[PDB]
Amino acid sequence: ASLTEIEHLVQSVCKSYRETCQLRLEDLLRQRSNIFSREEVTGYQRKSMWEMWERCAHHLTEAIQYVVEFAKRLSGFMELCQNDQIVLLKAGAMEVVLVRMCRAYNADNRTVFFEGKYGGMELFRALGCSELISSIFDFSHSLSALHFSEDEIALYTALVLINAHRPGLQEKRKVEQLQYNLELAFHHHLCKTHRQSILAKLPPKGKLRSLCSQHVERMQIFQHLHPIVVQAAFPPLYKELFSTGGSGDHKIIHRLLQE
C-alpha cells in the first residue's frame, strides 16, 4: 500500500471498532462512582460457584459476539477463506475480549464494571479461580497504565486478531499480508500522534495466551465438577469454543459469519 492507503486503513479500522465496541467508553467512565456496597459484594460472594460461572459465561459470550462483528467489518477479514476466518476467531476472540476489558477497569481503585456497578476482584470469590482473576486484574492494570485511546485499542485489537502465526491457517500468506498492512496502519498512527513509546510496553503475546489457556483450564475443572450445568445453562457459542467435549464452534461462528 501507499501512504494514502495506510491512512485510509487506519480510519477504516477505527470505524469498525467504534461500531462494535459493546459498551461505550463514556458510559463506563460516567459510572465509576457507582460502586457496589459491602452488602452487595457479600451477596455476590454467597452465590453458588455454578451460578457465577453461568453469569460470567453469558457476559463473555456477548462480548465474543461483538468481536465476531468487529472481525466481519474489519477490512480484509471476510476476503480470507472461511477456514482461516474461523481459525483466527477461535484463537483470537477471547484475547480481543481481554484487551477490550481494560476499558471497564478503574486503575484508581482497582474496580471493574460488572452488572451495573463497579467492584473489586473480591466480587468474584465464588468462582474458585482467584489466581486467574488476579492475573486478569493485573493485566488490565498494566494496560491502563498505557492510557490507550479508543483508536489505539481499535488498531491494537485488529492485530491481536489478524495473527498470521496461528496454527491451522490454509492461506498463510494472505494473512501475513493483511497483518503487515494493519501493522503499518498501527505504527503510522502511533508515529503521527507521537505515541511510539507504547510499543515497547505492550504485553508480550505469551501473556494474552497464558490468560486464555488458564481460562480454558479453570473452565474444564469447573465442568468436571458440574457437567450438567455447562450442558444445560451455558451459551452454545461458549460451550463449543471452550468446553471439554465441545464441537469446536466451527458451525455457530460459521453461521454468524454468514448472516
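Numbering starts at 1 and runs along the sequence shown.
A.B. asks: Looking at the deposited entry, does 45 to 53 or 198 to 206 carry the larger mean Cα B-factor?
C.D. replies: Looking at the recorded C-alpha B-factors, 198 to 206 comes out higher on average.
A.B. asks: What stretch has the higher average Cα B-factor here, 186 to 194 or 33 to 41?
C.D. replies: The stretch with the larger average C-alpha B-factor is 33 to 41.
A.B. asks: Take the CA temperature factors straight from the PDB entry and tell me which of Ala154, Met94, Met101, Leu80 peaks.
C.D. replies: Answer, based on the entry's C-alpha B-factors: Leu80.
A.B. asks: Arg173: which third of its chain by C-alpha temperature factor?
C.D. replies: Within its chain, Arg173 is a highest-third residue by C-alpha B-factor, going by the deposited values.
A.B. asks: By its CA B factor, does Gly119 count among the lowest, middle or highest third of the modelled residues in the chain?
C.D. replies: As the PDB entry reports it, the C-alpha B-factor of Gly119 lands in the lowest third of its chain.
A.B. asks: Going by the entry, which third of its chain does the Cα temperature factor of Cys129 land in?
C.D. replies: Its C-alpha B-factor belongs to the highest third of this chain's values.
A.B. asks: Using the temperature factors of the C-alpha atoms in this entry, rank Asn163 within its chain: lowest, middle or highest third.
C.D. replies: Within its chain, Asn163 is a middle-third residue by C-alpha B-factor, going by the deposited values.
A.B. asks: Taking the values exactly as deposited, rank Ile64 by C-alpha B-factor within its chain and report the matching third: lowest, middle or highest.
C.D. replies: Its C-alpha B-factor, which the entry lists for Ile64, ranks in the lowest third among residues of this chain.
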